[PDB]
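So here's one chain in two forms, each on its own in structure tokens, numbered structure 1 and structure 2.
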Structure 1
């Protein structure tokens, strides 16, 4: 973190554009700039030096010059003193409350944690759980706990069907010493791109993890994606562990490599890679990589037999998960 002050500033600006301005491309613009600067191996001396990096333009270079000269940004200082922006930015920190709902709540005079807690009936299910564990979801998960959780999930899954394979992805697979949550990729030979020979494949796993009281809440749940809450068990007289967010994604067995590429991330790495794929005349999702016709219509799925194959198609040198943290 040679440029922590700068990347913090850009992230706060990114969050402003997302939550208050509702300008998603500015949000992405700032986050991209923050990302490229984060991995720049020099302590930045000026905006001109930063402007040389892909993603940093004139407006951000000027902000970096202001920040380096004064240690702050007047634009951010103003935003911080604005009541509406500060209220909206706070509310969106609750999972399930986005920019639209946040602004709506503020209009109705619901703008503090305390307001939320007396108006539970005005929240949808996702939001109510987001409020419930607002404090816990703020906390990061030490990798040591991630390993305990991996152990539980992987063996409970084995107990349901020995042919399930569960892979912990996200920041954990990228080797992070702490994670924001747990991300699990799930496969079963009964579910392929060709057919689904068995119903309830995801359900039965969720069910089992609920039975052993690992999963405690459900934010959303469909045939292929589960979004919920989990908690490690604690020993006698021990204070309980924080409740954690857990995502489970069932992916067709034969499309594992596209799936694990997707779910390993990071989110910005995926955006950059998929954008690059477009420039190279391909499109990538969690299932396949497809060529683009001159028309701009996707073709048939190309053969993929490793994560590296996907990198090869778009003429990228392979990058291990630990080097995908952008």
Structure 2
């Protein structure tokens, strides 16, 4: 329920705008109208009614009519049948395949996972992992596993250096009963915004997690960001836990809190809070919040909230 009929239709319209139309802003517009209609409390019984809401303009209001009147969106119907667009859309679901490669692949007739597997040369490194773990990466990871996942990371990071500070942020920090990836925030004293008193700080952590057979594959690895694959150690004659995504960020200690607010999200919430900082006369990024002038001081997450006249929303409520 919950105007679910509309919000699906919108969300579906959005995924076709990103993946097929490569119209990133129409995608955002649709998801937006969707997240708003989702908060509206009433059963929308009219396009005009929905048009009262912000984010709902005419076109979406037109579409709500066709939907409410026919239980169907003839555009969406056509799109779902369409071999080309159905494929470009599907392949996006492989990490490393955005809309741009999706369309290359379908142009050359590559349209399925089977077609991808027997085209391994035509896949860069990332897309080859994305295929190899296509299943696992769409599986949700239970909080019970998030915890097992947390222990290993905190345990191994301190084994490298007792001065590191590692914080699982993301859906996890928001109490969510299950999460998609493992987002992890990392800080060390040598790395500050002012200076980099030690190198390989991220590397060390990655190699250690890789030494203990926790991190199994790398998608992208820089000085300050890691994107990777990891796997709980299993038991004897027992099923192998699924392969899971993990993102590690090395934030300057001085900007720790601007990084927490950011890696905690949510993404809809983040753009919702960033878009309110601009109108309140501010710019908020994972490092700083600026007036764009000099770095405003920060020693709490709420500090950022008051700056834009926002009541502090406990991490559990930033699920927008």
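In this text, rigid core is short for the largest set of C-alphas that superpose within 1.5 Å between two forms. Positions refer to the first chain, counted from 1.
With a cut-off of 2 Å and the rigid core superposed, residue 278 has a Cα displacement that falls short of the cut-off between the two structures. Residue displacement note: residue 74 has its CA displaced by at least 2 Å between the two structures (rigid core superposed). Domain rotation between the two structures, with the chain taken as two rigid parts and C-alpha atoms superposed, amounts to 10 degrees for the smaller part. Comparing between the two structures on a rigid core frame, one finds that residue 208 has its C-alpha moved by 0.1 Å. Taking the core as the reference frame, the CA atom of residue 40 shifts 4.0 angstrom between the two structures. Relative to the superposed rigid core, residue 13 shifts its CA by 1.4 Å between the two structures.
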